[PDB]
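Student: Give me a model of this one.
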Amino acid sequence: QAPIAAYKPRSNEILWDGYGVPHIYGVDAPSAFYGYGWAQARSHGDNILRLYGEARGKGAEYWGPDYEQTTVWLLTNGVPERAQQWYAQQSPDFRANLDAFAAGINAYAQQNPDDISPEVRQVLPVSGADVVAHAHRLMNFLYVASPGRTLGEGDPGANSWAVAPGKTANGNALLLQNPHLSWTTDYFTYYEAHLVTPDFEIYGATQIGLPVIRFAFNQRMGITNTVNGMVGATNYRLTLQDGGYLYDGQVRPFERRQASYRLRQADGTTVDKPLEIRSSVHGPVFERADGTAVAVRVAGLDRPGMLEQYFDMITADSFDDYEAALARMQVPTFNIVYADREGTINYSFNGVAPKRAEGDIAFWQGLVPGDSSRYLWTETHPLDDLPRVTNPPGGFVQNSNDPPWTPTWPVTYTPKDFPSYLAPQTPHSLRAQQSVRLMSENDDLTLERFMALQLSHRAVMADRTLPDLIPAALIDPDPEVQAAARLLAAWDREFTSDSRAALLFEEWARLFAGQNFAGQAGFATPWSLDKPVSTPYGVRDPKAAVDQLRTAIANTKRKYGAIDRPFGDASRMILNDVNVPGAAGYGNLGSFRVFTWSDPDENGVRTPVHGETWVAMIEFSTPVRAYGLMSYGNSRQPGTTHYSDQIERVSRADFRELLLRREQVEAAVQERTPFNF
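Tutor: Numbers count the residues shown, from 1 in each chain. See the structure here:
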């Protein structure tokens, strides 16, 4: 009936387990935030300090030319100054938590100066405003309005499942947390932690430097997030004329402010660099390589409560409380999925979306005319205007970065129900089609079965194409093409370690469906929302596709040494001196569990660039039962034993039991940090 009795910490302490996960106990909220800051500094201090330095707009000053582009970007968009504003605009209670978090980082560094890399020592001390600034950059100027997409590190994404009681064997909701981000990008690094005070408990993962857990659960509830690409910014093409810009048939002068920054020189000194910031009514103005003047208008710059919103969301006493916090509209993007012990599940297409009178998403993603107030939006949508699903007939919600049109099955709304600028109406990826299949087709789910389904690694692309490709390839006069066809034909279409056909198939699909495997032109039957998990299908031009196979055979041998090298011989997961066989692969090929394999080296060996990072599955029984892994461990500091210590388990899908109960934590403790606050 009621959840298990909450633990009431009588002292401030961190209990670290055998994988470097901190269990932070505080007698009050600031105490726990302090412990969390301390813990993050221990595990990720160097990169956190670096990022905080950048978010100050001082990257160029501290570290020179390599950081100057980011400095200019952040200064032009007024990030460091707005962060100071947002910090002052915090509620007193929450500001005290932010101060405590920063104080924890400072205290860790003070007590352990040998653990802080020389280059980032100059960043200390950090402040609550620093914490706010990094979160502001991450959300508004990386996830919403980025200065340009980074290449070769996968596409930010995730899977998410929530399953209602009626669909389970035991009658308890199930939740999957499963974000896909780069394994190397510092600000994308996830960190696992556990916070306990007399008033709340939170367990889960969050990006380093964030003082609140975004992928959180406890004894009552849990959430997860996926990328929805909410269009929270507009790029306006300006018409430059007579020193100003043409707007409503009139020349308007720019707003101008003379900023400047320091740039570190090779000799350790700094040079003062002037920076002229020009702004139109739309926002700050950028000049592009081709000479186009672009004003960037970012929505939700007046929303200082994003950290507190997540905090109130994840500590919510009820779904009603959760929804009230979510409805604040302080979190500018993301699909957010919710489940609780009471049995409620929810999907929300969340973010800060401008209200617009015309134009579809494609129009608002391109360069919008900057010469007219016709296109100058000023208001944003409330939560009630956005796609949301609660306790649907199908008994599950899902999102694998597909447009929000099949979040459950049967669907509860259609694209026509919402303005055309909220989300694309493009073909759902094969991973996303698998996501819907795996949930909808299975009943009476156990946590064990739920976890088994998460490991799915089907080459769905092969299901859609091999029936047509194989017989066409068999009639080719080239005996090697014939042999390749028989190899592909015998394959069980799974991305397993022992698969001898999978690498060849990938190489073919690179041509058939483009380098990202998202191309649609080669299918015989196009994608349809009427058949959302069984289209597109077939090979439109078999003769052409066999020529692609011919080329793919050459490419496979060049990259890997043969057409039949075992998938898990080429695909390895390597961290420090741990080297284990890979399985699963590209989401766009249909693999639900994702490893975006790198290009191979000269030996044909490739490793994940992106994919499974933090993976957790929770059953909201009483007490809750949860399992998880972090691909790249819980620390990235030099000399840590907690970087490469989980990847072998990942290779066998051998998940850790996540320990929330005090007695479990006490049994597992390997290190103790008593602290004073």
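Student: Do a quick rundown of the helices in the stretch 51-200 of the chain.
Tutor: Using DSSP state H, counting those that start in this stretch, the helices of the stretch 51-200 of the chain run over residues 59-63, 68-76, 79-88, 92-111, 128-138.
Student: Dump those to CSV, plus distance to residue 154.
Tutor: Backbone N, C-alpha and C define where each C-beta goes, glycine included. Formatted as CSV, those follow (distance: least, CB to CB, whole Å):
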stretch, distance to residue 154
helix 59-63, 24
helix 68-76, 21
helix 79-88, 25
helix 92-111, 29
helix 128-138, 17
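Student: of all those helices, which gets the most neighbours per residue?
Tutor: Among the helices of the stretch 51-200 of the chain, ranked by average contacts under mean count of other CB atoms under 10 Å, first place goes to helix 128-138 (a mean of 25).
Student: and that helix with helix 68-76, angle?
Tutor: On the basis of axes from the mean of the first three to the mean of the last three CA atoms, to 10 degrees, helix 128-138 is oriented at 100 degrees to helix 68-76.
Student: List every C-alpha atom in helix 128-138, with coordinates, as CSV.
Tutor: The C-alpha coordinates for helix 128-138 follow below in CSV (Å, rounded to 0.1, in the frame of the first residue of the first chain):
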residue,chain,number,x,y,z
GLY,A,128,26.2,29.1,-7.8
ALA,A,129,26.0,31.4,-10.9
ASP,A,130,28.7,29.3,-12.6
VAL,A,131,26.4,26.2,-12.1
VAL,A,132,23.5,28.1,-13.5
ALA,A,133,25.6,29.3,-16.5
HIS,A,134,26.7,25.8,-17.5
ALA,A,135,23.1,24.5,-17.3
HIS,A,136,21.9,27.5,-19.4
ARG,A,137,24.6,26.9,-22.1
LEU,A,138,23.8,23.1,-22.2
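Student: and that helix, how far out from the chain's middle?
Tutor: In this view, helix 128-138 has its centroid 18 Å away from the chain centroid, taken as CA atoms, centre = their mean, to the nearest Å.
Student: and residue 280, which of the helices of the stretch 51-200 of the chain is closest to it?
Tutor: Residue 280 lies closest, by CB to CB, to one member of these: helix 68-76, at 12.9 Å.
Student: wait, which of the helices of the stretch 51-200 of the chain is closest to residue 646?
Tutor: Relative to residue 646, the nearest member of these by CB to CB is helix 92-111, separated by 23.2 Å.
Student: if we can go back for a sec, ok, which of the helices of the stretch 51-200 of the chain comes nearest residue 675?
Tutor: helix 92-111 (7.9 Å).
Student: Tell me what angle the closest one forms with helix 128-138.
Tutor: 100 degrees.
Student: Packing partners of helix 92-111?
Tutor: Where contact means 3 or more CB pairs under 8 Å, 6 or more residues apart in numbering; DSSP states H and E, helix 92-111 is packed against helix 29-55, helix 128-138, helix 306-314.
Student: residues in contact with that helix?
Tutor: Residues from elsewhere that reach helix 92-111, judged by CB atoms under 8 Å, 6 or more residues apart in numbering: 29-31, 33-42, 45, 48-49, 87, 90, 115-116, 124-128, 130-132, 211, 307-308, 311, 675, 677.
Student: Quick check: residue 373 touching residue 250?
Tutor: No - applying CB atoms under 8 Å as the test, residue 373 and residue 250 come out as separate, 10.8 Å apart.
Student: quick check: domain ranges of this structure?
Tutor: According to curated CATH domains, the chain comprises the domains 1-45+159-229+299-456+608-668, 46-156, 234-298, 457-607.
Student: Quick one: the helices in the stretch 301-450 of the chain, in order.
Tutor: Applying DSSP H, counting those that start in this stretch to the stretch 301-450 of the chain gives helices spanning 306-314, 319-326, 361-365, 430-440, 447-454.
Student: of all those, which lies closest to residue 527?
Tutor: helix 430-440 (9.4 Å).
Student: neighbouring contacts of that closest one?
Tutor: Helix 430-440 is contacted by residues 159, 161, 163, 394, 396, 398-402, 406, 409, 453, 456, 458, 460-461, 464, 532-534, 587-592, 594 when judged by CB under 8 Å, 6+ apart.
Student: what do you get for stretch 573-580?
Tutor: Contacts for stretch 573-580 (CB under 8 Å, 6+ apart): 572, 581-582, 595, 605, 607-608, 631-633, 643-644, 647-648, 650-651.
Student: Closest one to residue 669 out of those residues, please.
Tutor: The closest of those to residue 669 turns out to be residue 633 (CB to CB; 18.3 Å).
Student: Thought residue 648 was touching that closest one, still the case?
Tutor: No - here residue 633 does not reach residue 648: they are 11.0 Å apart, not a contact under CB under 8 Å.
Student: Between those two, point out the one with more neighbours.
Tutor: Using other CB atoms under 10 Å as the criterion, residue 633 and residue 648 rank with residue 633 on top: 23 against 14.
Student: residues contacting that one?
Tutor: Contacts for residue 633 (CB under 8 Å, 6+ apart) come out as 19, 20, 575, 640, 642, 643, 644, 645, 646, 647.
Student: So it versus residue 646, what's the distance?
Tutor: 5 Å (CB to CB, to the nearest Å).
Student: got a list of what the nearest residue to residue 168 once chain neighbours are set aside touches?
Tutor: Sequence neighbours aside, residue 445 is the residue nearest to residue 168 in space, at 4.9 Å (criterion: CB to CB, 6 or more residues apart in numbering). Shown in contact with residue 445 (CB under 8 Å, 6+ apart): 163, 167, 168, 169, 174.
Student: again with residue 293
Tutor: Contacts of residue 293 (CB under 8 Å, 6+ apart): 237, 238, 240, 245, 285, 286, 287.
Student: Emit the ChimeraX select command for whichever of the residues you listed are buried.
Tutor: To isolate the buried ones among these in ChimeraX, judged by 16 or more other CB atoms under 10 Å, type:
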select :238,240,245,285,286
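Student: Closest one of the contacts of residue 293 to residue 617?
Tutor: Checking the contacts of residue 293 against residue 617 by CB to CB gives residue 286 as the nearest, at 43.3 Å.
Student: Good, we can wrap up now.
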